[PDB]
Each structure stands twice: as structure tokens, then as C-alpha cells.
Amino acid sequence: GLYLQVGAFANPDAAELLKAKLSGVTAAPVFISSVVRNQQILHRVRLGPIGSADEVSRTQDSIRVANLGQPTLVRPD
Ligand SMILES: CO[C@@H]1O[C@H](CO)[C@@H](O[C@@H]2O[C@H](CO)[C@@H](O[C@@H]3O[C@H](CO)[C@@H](O[C@@H]4O[C@H](CO)[C@@H](O)[C@H](O)[C@H]4NC(C)=O)[C@H](O[C@H](C)C(=O)O)[C@H]3NC(C)=O)[C@H](O)[C@H]2NC(C)=O)[C@H](O[C@H](C)C(=O)O)[C@H]1NC(C)=O
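## Comments concerning the overall build of the chain
Reasoning step 1: Looking only at helices and strands, the chain has two helices and four strands in total.
Reasoning step 2: Counting from the amino terminus, helix and strand elements in the chain follow one another as β-α-β-β-α-β.
Reasoning step 3: Taken over C-alpha atoms, the radius of gyration comes to 12 Å for the chain, in line with the 11 Å a tight globule of 77 residues would show.
Reasoning step 4: Each of the three principal axes of the chain carries a C-alpha extent, and together these read 35 × 20 × 15 Å.
Reasoning step 5: Within the chain, contacts between residues separated by at least 24 positions form 60% of all contacts whose residues are at least 6 apart in sequence.
Reasoning step 6: Total accessible area on the chain stands at roughly 4600 Å², and carbon and sulfur atoms take up 48% of it.
Reasoning step 7: Within the chain, the 6 negative side-chain charges are centred at a point lying 4 Å from the centre of the 8 positive side-chain charges.

## Remarks on the pairing of strand β3 (residues 40-50)
Reasoning step 1: In this sheet, β3 lies alongside strand β1 (residues 2-9) in antiparallel orientation, the contact comprising six bridges. Each bridged residue has a counterpart across the sheet, and for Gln-5 the counterpart in β3 is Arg-46.
Reasoning step 2: As paired strands, strand β2 (residues 30-37) and β3 are joined by eight bridges and run antiparallel to one another. When the sheet's bridge partners are listed, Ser-34 is paired in β3 with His-43.
Reasoning step 3: Between β2 and the antiparallel strand that follows it, β3, lie two residues; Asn-38 among them carries a positive phi value of about 55°.

## A short note on the site of the ligand
Reasoning step 1: Taken together, 13 residues sit near the ligand, with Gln-5, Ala-8, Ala-10, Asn-11 and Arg-37 positioned nearest.
Reasoning step 2: Between an oxygen atom of the ligand and a main-chain N or O atom of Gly-7, the distance comes to 3.5 Å.
Reasoning step 3: One of the backbone N or O atoms of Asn-11 is found 3.1 Å from an oxygen atom in the ligand.
Reasoning step 4: Relative to its unbound accessible area of 1200 Å², the ligand is 36% covered by the protein chains.
Reasoning step 5: Contributions of two or more residues to the shell around the ligand are made by β1 and β3.
Reasoning step 6: No other element matches β1, which puts five residues into the shell around the ligand.

## A closer look at unusual backbone geometry
Reasoning step 1: A cis amide bond links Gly-48 with the next residue in sequence, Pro-49, at an omega value of 5°.
Reasoning step 2: With respect to the helices, strands and loops of the structure, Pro-49 is situated in strand β3.
Reasoning step 3: For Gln-39, which is not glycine, the phi torsion reads 70° and is therefore positive.
Reasoning step 4: On the secondary structure map, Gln-39 appears in the loop between β2 and β3.

Definitions and cut-offs
- Residues numbered from 1 in each chain as written, not as in the entry; some residues may be left out.
- Heavy atoms only, no water.
- Helix = DSSP H or I, 4+ residues; strand = E, 2+ residues; numbered from the N terminus.
- Rg over C-alpha atoms; globule rule 2.2 N^0.38 Å.
- Contact = heavy atoms within 4.5 Å.
- Areas by Shrake-Rupley, 256 points an atom, 1.4 Å probe, with all protein chains shown as cover.
- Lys, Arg positive; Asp, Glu negative; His and termini not counted.
- Charge placed at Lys NZ, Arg CZ, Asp CG, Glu CD.
- Pairing = 2+ DSSP bridges.
- Near = heavy atom within 4 Å.
- Polar contact = N/O pair within 3.5 Å; in protein donor to acceptor, adjacent residues only side chain to side chain.

This is how it looks when you write it as C-alpha cells:
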């Protein structure tokens, strides 16, 4: 299973808003993974698992068309 990260935010409201926006551009599960990093809480907006590289590429394209960020492959944390 393949995963994308679309953004990482200190503001949880920004992360939740991006998660909601992404649900309108992809059918893959969208979730927030929040971690302690550099003495702060970081809210990572992620999606997956995606079943194939081709679907990852098309999902990246749809996120860029929606101007929602520069999505990068991440391995699940
Ligand atoms: C190889 O290392 C990895 O590189 C990744 C490169 O993509 C990196 O991920 C990125 O991390 C940056 C921070 O380091 C993160 O940047 C946030 O960027 C957004 C813009 O997209 C900021 O949001 C905007 O802020 C302005 C004002 O500053 C607002 O006016 C505007 O409305 C905001 N936009 C939205 C949509 O709300 C955001 O700042 C806001 C203020 C916030 O924190 O709430 C930036 N956050 C921070 C904390 O600086 C960027 O989104 C992220 N990109 C992706 C695709 O995830 C990896 O780092 C992240 C943190 C991670 O590790 O998960 C690098 N990994 C490591 C281990 O170093």
C-alpha cells in the first residue's frame, strides 16, 4: 500500500481543512497523522493506501489540479 503526504501543519485547523478538501478530489482514505517534532505538534495530512503506482500518479495530478499542494510519497509513520 502506497501513501501520499500533501502537507504538514502546526495549525490543526489548516490540516483538517486540507483533509476535507482532499476528500472531494480523491476516493482514497484521507487522514491526519499527528506527531511530536521539534518540540511542537505537527499535523501531517496523508492519503492511502493506494493500490498502484499509476493511481498514485493520477492522484498526485488531481491534487495539483485542485491547487491543494505538492503531494509526495511517504512511507507510513
Ligand atoms: C525530505 O524532507 C521532507 O521534505 C518535505 C518537503 O515537502 C517536508 O514536508 C513539508 O514540510 C513543510 C514544513 O517543513 C510543510 O510546510 C507547511 O507548508 C504550508 C504551505 O503548503 C504552510 O501553510 C501556509 O502558511 C501560510 C503562512 O505561512 C498561510 O498563509 C497559508 O494559508 C498556509 N497554507 C495552508 C494550506 O494552510 C505551513 O505553515 C502553516 C502556517 C502551519 O504550519 O499551519 C507549513 N508548516 C510548517 C510546520 O512549516 C509542507 O506542507 C510539507 N509538505 C508536504 C507535501 O507534506 C517534510 O517535512 C514534514 C514537516 C514532515 O516531516 O512530515 C520533510 N521531512 C523531514 C523528516 O524533514
